[PDB]
């Protein structure tokens, strides 16, 4: 069943809103993974001792009671709950610092990064951007089972000394798969311009659902097999846009909107989509107040043997939904109805329902499959 606790998603929702407001395209990212990146940077900073600085201060809403033992066990527990090896789904979060030749990585830091944050550090030579780009891109492929093939070009490494890269990959099956229909194209009414077309899937089922008066949107939950993950969809009522619904969403208002959902008979129509989304996170992080780590006053003394700072942060994520699930092509197993018909733009997210973790967040402006 749905998560009954309070999600620690204040930062997640803030950062998601910043990304969405600046891209007029489909978007998908992993807000939880962004917090992992920020916490690794926190761990690398001198500031992080229970000592003060604008770095320690700004990385705040991501750190746990500014107590490092708690921070490690917290993020470690959430990473392991999400990525738990199991027969039902495959989820992998991968994170690497790619560090220039001349930098000496502190061993105790590689230890903490691997153990608590399931992150690693590798040496490269930025004096050879071409070789380095190849190294980073092959790492992306290897850690996403080829779902993602590249994330940087030589040009995006220009001037870099440390690049922090995160990717995420997820394969899963719907608990309730859609019937497969060969031909089901219909119009899709995008936010701007004339309608486009999409390929749709439709079923009747019992799902947690509500038409939220507060948000001005319908909300729907489709669970994946494994008793852990579910995808939520927030579909603005026709009177409202994704941007208007976004402005209404915050931790408390999303808490209540999900709280109001209950199991209903629902006829669900969703457009199929497959896409990926890559971004350098420097600019959006700066926009939401995380600035000191990109400043001339930044340092990483607990990562790099002594001043260097993170040059660029990249994140990439791919997402697919079809009748069977996400990256799914086989399924060993197959009047008061409410109607949820997503033929206009909507928001979605995938959550660990045992802990509240916002593992994926995205929006569909033009679904292409």
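Numbering follows the first chain given and starts at 1.
According to the entry, the stretch of the deposited sequence that connects residue 50 to residue 51 contains 1 to 3 residues lacking coordinates, which leaves a short gap in the model. Coordinates are absent for 4 to 9 residues of the deposited sequence placed between residue 334 and residue 335. Judged by mean Cα B factor in the deposited record, 177 to 185 ranks above the other of 177 to 185 and 271 to 279. Mean CA temperature factor is higher for 14 to 22 when stretches 14 to 22 and 349 to 357 are set side by side in the entry. In the PDB entry, the Cα temperature factor peaks, among 250, 84, 256, 240, at 84.
In the PDB entry, the Cα temperature factor peaks, among 297, 197, 92, 95, at 297. Among the modelled residues of its chain, residue 1 has a C-alpha B-factor that falls in the highest third according to the deposited record. In this PDB entry, residue 316 carries a Cα temperature factor that places it within the lowest third of its chain's modelled residues. When all modelled residues of the chain are sorted by CA temperature factor, residue 308 is found within the highest third. When the modelled residues of the chain are ordered by their C-alpha B factor, residue 172 lands in the lowest third.
Sorting the modelled residues of the chain by their CA temperature factor places residue 123 in the highest third.
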